[PDB]
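Quick notes on the structure that follows.
Note that ligands are numbered from 1 as they come in the structure, with each ligand's atoms numbered from 1 the same way. Every chain is numbered from 1 and lettered A, B, ... according to where its sequence line falls, protein lines coming before strand lines.
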Amino acid sequence: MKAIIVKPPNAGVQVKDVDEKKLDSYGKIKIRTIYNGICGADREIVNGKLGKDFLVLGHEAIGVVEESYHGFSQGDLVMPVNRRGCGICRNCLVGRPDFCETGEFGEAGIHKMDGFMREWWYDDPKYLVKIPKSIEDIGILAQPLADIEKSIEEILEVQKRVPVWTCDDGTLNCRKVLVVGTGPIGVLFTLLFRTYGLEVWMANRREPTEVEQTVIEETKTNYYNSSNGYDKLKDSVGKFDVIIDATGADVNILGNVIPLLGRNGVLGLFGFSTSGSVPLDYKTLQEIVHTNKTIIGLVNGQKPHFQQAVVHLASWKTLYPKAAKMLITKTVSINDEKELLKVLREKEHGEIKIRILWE
Amino acid sequence: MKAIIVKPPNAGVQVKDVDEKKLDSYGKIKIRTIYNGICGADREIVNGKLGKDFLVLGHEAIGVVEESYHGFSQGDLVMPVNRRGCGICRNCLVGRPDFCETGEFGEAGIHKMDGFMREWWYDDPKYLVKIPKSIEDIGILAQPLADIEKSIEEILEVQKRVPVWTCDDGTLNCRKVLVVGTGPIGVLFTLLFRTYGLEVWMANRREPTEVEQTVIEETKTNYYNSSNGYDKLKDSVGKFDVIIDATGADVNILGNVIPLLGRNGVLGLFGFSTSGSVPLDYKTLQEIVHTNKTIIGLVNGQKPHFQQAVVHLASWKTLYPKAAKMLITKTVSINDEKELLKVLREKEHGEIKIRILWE
Amino acid sequence: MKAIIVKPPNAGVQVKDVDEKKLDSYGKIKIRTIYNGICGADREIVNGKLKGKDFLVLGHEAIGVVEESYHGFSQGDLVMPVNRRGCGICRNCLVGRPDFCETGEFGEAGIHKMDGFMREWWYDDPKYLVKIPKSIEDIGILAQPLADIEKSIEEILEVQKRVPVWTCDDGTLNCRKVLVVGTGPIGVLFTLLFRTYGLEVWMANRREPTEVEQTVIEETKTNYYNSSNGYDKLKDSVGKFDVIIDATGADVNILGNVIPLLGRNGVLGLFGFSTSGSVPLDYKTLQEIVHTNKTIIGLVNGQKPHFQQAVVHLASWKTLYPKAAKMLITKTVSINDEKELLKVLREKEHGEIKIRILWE
Amino acid sequence: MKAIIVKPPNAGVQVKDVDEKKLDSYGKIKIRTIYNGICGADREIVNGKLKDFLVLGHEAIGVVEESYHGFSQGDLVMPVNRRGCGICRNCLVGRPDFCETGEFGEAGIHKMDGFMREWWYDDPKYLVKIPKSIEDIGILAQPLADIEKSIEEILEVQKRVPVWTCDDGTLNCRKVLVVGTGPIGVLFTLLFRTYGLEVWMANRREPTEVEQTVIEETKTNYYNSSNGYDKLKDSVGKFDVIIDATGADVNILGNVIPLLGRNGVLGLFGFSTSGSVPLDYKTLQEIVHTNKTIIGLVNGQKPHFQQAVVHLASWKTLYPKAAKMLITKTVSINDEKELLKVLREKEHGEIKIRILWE
Ligand SMILES: NC(=O)c1ccc[n+]([C@@H]2O[C@H](COP(=O)([O-])OP(=O)(O)OC[C@H]3O[C@@H](n4cnc5c(N)ncnc54)[C@H](OP(=O)(O)O)[C@@H]3O)[C@@H](O)[C@H]2O)c1
Ligand SMILES: NC(=O)c1ccc[n+]([C@@H]2O[C@H](COP(=O)([O-])OP(=O)(O)OC[C@H]3O[C@@H](n4cnc5c(N)ncnc54)[C@H](OP(=O)(O)O)[C@@H]3O)[C@@H](O)[C@H]2O)c1
Ligand SMILES: NC(=O)c1ccc[n+]([C@@H]2O[C@H](COP(=O)([O-])OP(=O)(O)OC[C@H]3O[C@@H](n4cnc5c(N)ncnc54)[C@H](OP(=O)(O)O)[C@@H]3O)[C@@H](O)[C@H]2O)c1
Ligand SMILES: NC(=O)c1ccc[n+]([C@@H]2O[C@H](COP(=O)([O-])OP(=O)(O)OC[C@H]3O[C@@H](n4cnc5c(N)ncnc54)[C@H](OP(=O)(O)O)[C@@H]3O)[C@@H](O)[C@H]2O)c1
Ligand SMILES: OC[C@H]1O[C@@H](O)[C@H](O)[C@@H](O)[C@@H]1O
Ligand SMILES: OC[C@H]1O[C@@H](O)[C@H](O)[C@@H](O)[C@@H]1O
Ligand SMILES: OC[C@H]1O[C@@H](O)[C@H](O)[C@@H](O)[C@@H]1O
Ligand SMILES: OC[C@H]1O[C@@H](O)[C@H](O)[C@@H](O)[C@@H]1O
Ligand SMILES: [Zn+2]
Ligand SMILES: [Zn+2]
Ligand SMILES: [Zn+2]
Ligand SMILES: [Zn+2]
Ligand SMILES: [Zn+2]
Ligand SMILES: [Zn+2]
Ligand SMILES: [Zn+2]
Ligand SMILES: [Zn+2]
């Protein structure tokens, strides 16, 4: 069977025929892969930045059900949930390994579990998300969008601590979000916050790209060039109710944006920072106490979040059609090894999502 | 009228006769002061660290209702809520200026509002908490305890974000709290978390005082001498579900305890740190993201929290009688000006609460 | 100005020119009506079955066009007004939520205290206007009825936070089953929305499905039960339900028939306004409700956040359920077509979902 | 081993010596019984209205016989009475009050031997620590737990209301009608007043001495409902919460439903024993229009037992007179005539009878 494989912690990636008998199976439903997605997580493991001699790569997949099984019909499109439980803790027991207490969960194509960059795999209906045929083209985004659905859900849950966090009209339309970083993660946070009605400012240390400019205009989102810091933003628009680090940049980015967090606000740490040490002085911390501010680490979406992502992706085909069409940057055939290895190894500037087509 | 007065931002304090006609009144009910309490906030304003020529000091008070008015009867003991709303924002409009969005609230004895260190004042029933005569002796603690009630309420609300944060028995008994600092605040956090059944470790850079040892033994609380850091605690007991900074220590304390925070955990920032700059490196912040950790600034209790505090103080007379008896360190007469000035200007080592008696 | 007017408590309805000076104004933004919707509440007032003025402007479902570029509203923007407005006194109205008004002194456009939106134009306050994307102009009128249902489902889900674990083995609510009693617009919208959220749905009515219902059933993978001879057969085959919605408007004895199908920890959601009958609840039934943590909840009125959520869902359905989405608007009647307009104002046709009025 | 035994569904009760080998064990901790409580459920089984036999009783305080992990010799403990089915997700998180299978056990009622026996073995997970400082009234933590859960659930449900708090951020302005003034009604009243809500107790007679004490000490109101509720409605108006604590004919609900206020909650806690109540379309439509809710309230679990302990401790200070009245009397296990009598029938105005093991 053709599979894209890695050998962690070593760097490297290969597309090669492997013995199906040694690959991980998870249930009774045979699924033939049609699309994989690639993200920075894949790039990390390929570059060695993170029994069996290898691991099947990939945690973003859409496949077709080969034979009808219980609720699933032949020809149905499905997406597997990538993080799976430890089987010990109560959070995993209720289907929520995003809050696993042991840290002994598996992550497909990353840790403990063969991923989905292979011709076909067997899975359990428990871990399969139904992808409507009507979103086959952009449906691969339901996996990354799921992490973002969970994050926004959690931020909203946490803000229930505030007696009234709604606005004069009972909505959240008056709440302002600063999304720091404009890769696929930043763009998806922006799309989803705007879907919920909150005001959004995207920030990056440059002018917008073509894709970003389309998102700006279509979603009625604001943009700030942060190249020379945030003073000018603070002075013009004031402070923000929510700030999202969609970075993975130097952690000093936090020192820059923390002064822009407003009373009762939330700083959501979603990016995985890769460098730096950020100093927080007593004046900054004292002020966080006085104003009921919160900092939250945000990670991993689960099945309900995948299902919510599907609904939102569907909505965006109507609401934000130009942005929706730009979510897929390009598609590489599994049979185009030179190009395939290229895109597995490194991101292109302004890339949103690269899809792998199985054919 | 005798009053304790300060003149911010300048240091200094005076006990003198002032013109009653110029003092702030808040409603129709005349209250004669019997007790005030003193805390670090009073010491700070007296020491110049934080229409009218002066401000009446003091935000912790019990008084007696001089004449019956609606629900309040002559002879009833009452305590005023100290932070009052800005009259503009939706949080203040629902009786919750602890979450004021404008920052234009008042704080008795600190900001905008004359406090309660004066022979009598007029207040509105809406801002008065009924103090049962059976807790007259320790009832003064309801004001500081209210901040702690609000804080624990808030932590427990935030933790609803975790699908299952309860234990195998449906309780929080398995959850571990590290209370850093053992002043009145640390002691009250410890008493209240033990009341709720969570396991508690108190930490300070020394061995326990006699009062702290009584609390330890009576409440079945653990203690850790953190003089040489937290490695030995971490190795023996592991990580904590909740960590409270009750310090008002250099912010580098956060650097010492953040590595002891467990998965899905909460760092509650309650103390107002007064020096230092703490570095947070990328490894620390990335781990916060991976594990759904949260940092929350905790401030100010409101009326429901004062009422809850009354119930808990009442409970502690039965549950923790020895600790309850040690909550009041000494009482100083309003007429003993030398001793009064002494205790207004500086804390005594091991002090929990000084009461001022009006007579 | 042309308006559709009624004179409660009397029956009757007229389309006539009325004095603009007489009609209620709510703010500074001039909005020109393009569409109205008609619902049962409108029918009831027209049939006479539901101070300072000789008449009331009918209608609480509307989409209008913004006449001038105001604050956050551009000329040509489509907007829908929120129909219930607060009492100005109570804490729930002061936070934008008169659905929970404590005084009962709220107003309801085209029903109670406030002129409706079946008129050429009206003035409104931006706070009460919901933006309707041009991309859903055709089905956007459904945002008003769907809002009541968004609120209702939101509330059911909030209430069920009482249950330590109401989610399923996979962390979803996919295993939860809903019985929606009654079809037509409300039942259909409840079914669409519950299916969007992933719960299993059975629709029930005392007959076989209409073509539109059949389309909804098949496209959304919903189940249907012919309840003509009661619910014994459903209970014996499928068992009990986690949520039951009364979308009836009929006799309250329907509740006697479906309460035996409510499962442990379940919610009976009362949304329809029952119009006849008395239902007896015996001690055995009530005791069992106590033993199983069951809840019965009165469900009423959506507010601005719910209107906004409805817009997103309606947009989603164009992709998820395109066949059903098209069938939501049964027909459009011109404001100028008087005989047809009076017909549709006075009576529902069998199988009707939504009739829209077009202002030309 | 001495034990109080019943043979459901048949009527009857005996105190006899029974083969210890036959009795149910639940864990490794040996607990020697000191007190039991008796309630209506006990009387029902005794009267045949609800192994060859079942050990009666689900209200117990026992003493830990040896020092175990977390439990010192001489410690007082109370067992949680309802235990899970081991299958469903609610049971698996320690909350069989919400069991989805109905295959839970209840000590001294079904599936599980009770605690009216000399001693039993239990699992530490099911034991609630009872402070020595509340030994005297501690037996009430079991019935109070059902009520702690009930109020918790009402407050959870009312989060659906955007603002259910008052002008001062409290619930002091919220009014509760507690219908029925038995041990349950009294405990509801005490707990709601502890939380600061206004309470009206109602019964179809004037108050007993004990009820009058609770009324006066807690500043609770009382309404004689002998001739219906119109007078109360005319004077006080409507209520935010109504608790049925009667166990009487369901037509009580028809009388009190018209007194429920906008956004209000009718809490069904009592187990009604007769009747049928008609609900007309006018009443039901009005419930829809005003966001009203009716909720079935049942069973407290471990966190609720622990909360009950704290509140009982608080009442020794807050409401000392009422607290001293919660225990009506104590009967020795060795006084068989009086013991059989109290197992078989409630005395008028009784709150709680305790059985002492000597
Ligand atoms: N927590 C979770 O569950 C989760 C899930 C998925 C991903 N992630 C993490 O989320 C982060 C973002 O993912 P991604 O795939 O969107 O990353 P990406 O493609 O690398 O994009 C990063 C974005 O940040 C911008 N940026 C870099 N430094 C900046 C700065 N100092 N200020 C403002 N913007 C700056 C970059 O600008 P240019 O476009 O000019 O390069 C780029 O637009 C990564 O750390 C990823 O690992 C977390
Ligand atoms: N957020 C709010 O609403 C709110 C309300 C009230 C008070 N506060 C703040 O809460 C903090 C505590 O108040 P308090 O009255 O208890 O203060 P306090 O009387 O000054 O007590 C401070 C405690 O921390 C101990 N400590 C100092 N450095 C430490 C370290 N490095 N590690 C561990 N313990 C250390 C002190 O030790 P020793 O006993 O050896 O001196 C003392 O026990 C203050 O900053 C106060 O301003 C906040
Ligand atoms: N709570 C709120 O905020 C709110 C808002 C809007 C509407 N409502 C109420 O919601 C209800 C439904 O509205 P609608 O506009 O959908 O009403 P509708 O057009 O009258 O439709 C009612 C449906 O119920 C069916 N039905 C009648 N008797 C039945 C029975 N015994 N069993 C099962 N189905 C039965 C009817 O069958 P046929 O199709 O064969 O006639 C029809 O499909 C009405 O009472 C309305 O006033 C409440
Ligand atoms: N849901 C649960 O988890 C749970 C837990 C424990 C108990 N319960 C049930 O809760 C109910 C109350 O328990 P309890 O032990 O307090 O019962 P109880 O001792 O029988 O007390 C019943 C009270 O209701 C009064 N009453 C009777 N009819 C009345 C009426 N029409 N109006 C007003 N009051 C009336 C009785 O009056 P008199 O004093 O004059 O007789 C008595 O005060 C019972 O049904 C019990 O089974 C439920
Ligand atoms: O491995 C950590 C995270 O990596 C991301 O790329 C995935 O989208 C998440 O599902 C995962 O939890
Ligand atoms: O002034 C800030 C804080 O000071 C503390 O001493 C009081 O207890 C708080 O209620 C107050 O909000
Ligand atoms: O019963 C009052 C209700 O009438 C319905 O027609 C409307 O859609 C609701 O918004 C309104 O609250
Ligand atoms: O309905 C059964 C109930 O009986 C009551 O007497 C007990 O206090 C509850 O714990 C139990 O759940
Ligand atoms: Zn990915
Ligand atoms: Zn786990
Ligand atoms: Zn103080
Ligand atoms: Zn304010
Ligand atoms: Zn309508
Ligand atoms: Zn109102
Ligand atoms: Zn009992
Ligand atoms: Zn169970």
Item checked: Derivation and outcome, side chain to side chain contact (heavy atoms under 4.5 Å, CB included), residues B/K150 and B/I148 -> CA-CA 5 Å; B/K150 178 270 181 73; B/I148 293 165; over 6 Å; no
Checklist line | Under 2.8 Å from the Zn ion (ligand 11), the protein N, O or S atoms, given as residue and atom | finding: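 The answer, once waters are left aside, is B/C39 SG, B/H59 NE2, B/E60 OE2.
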Checklist line | Qualifying residues under ring pair (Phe, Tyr, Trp, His ring centres under 6.0 Å), relative to C/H112, sequence neighbours excluded | finding: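 Residues passing ring pair (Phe, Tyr, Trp, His ring centres under 6.0 Å) with C/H112: none at all.
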Note to self: Looking only at the side chains, is there a donor atom on one of B/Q143 and B/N82 sitting less than 3.5 Å from an acceptor on the other?
What the structure shows: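 The criterion, which ignores hydrogens and geometry beyond distance, is satisfied for B/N82 and B/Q143.
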Note to self: With ring-ring contact (aromatic ring centres under 6.0 Å, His included) as the test, pick out the partner of A/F116 among A/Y127, A/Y35, A/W121.
What the structure shows: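 Exactly one pass, corresponding to A/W121.
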Note to self: For A/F105, does the six-membered ring have the charged nitrogen or CZ of A/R84 within the cation-pi criterion, i.e. under 6.0 angstrom from the centroid and within 45° of the normal?
What the structure shows: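 Judged by the rule (NZ or CZ under 6.0 Å from the ring centre, within 45° of its axis), A/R84 is not positioned above A/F105.
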Checklist line | Cationic N near anionic O, under 4.0 Å, C/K113 to C/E105 | finding: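 No salt bridge links C/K113 with C/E105.
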Margin query: Restricting to side chain to side chain donor-acceptor pair (under 3.5 Å), what partner residues turn up for C/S152, sequence neighbours left out?
Written below: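 With sequence neighbours excluded, C/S152 shows a side chain to side chain donor-acceptor pair (under 3.5 Å) to no residue whatsoever.
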Next item on the list: Mind listing the closest non-hydrogen atom pair of C/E150 and C/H306 along with its distance?
Entry: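 It is CG-O, 3.6 Å.
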Next item on the list: Mind telling me whether A/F189 and A/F270 have parallel, tilted or perpendicular rings, with 30° and 60° as the class edges?
Entry: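 Ring orientation, 0 to 90° scale: perpendicular.
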Note to self: Residues around ligand 7, heavy atom under 4.0 Å from any ligand atom, sorted by chain and number. Can you pull those?
What the structure shows: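 C/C39, C/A41, C/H60, C/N83, C/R84, C/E108, C/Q144, C/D148, C/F273, C/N301, D/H289.
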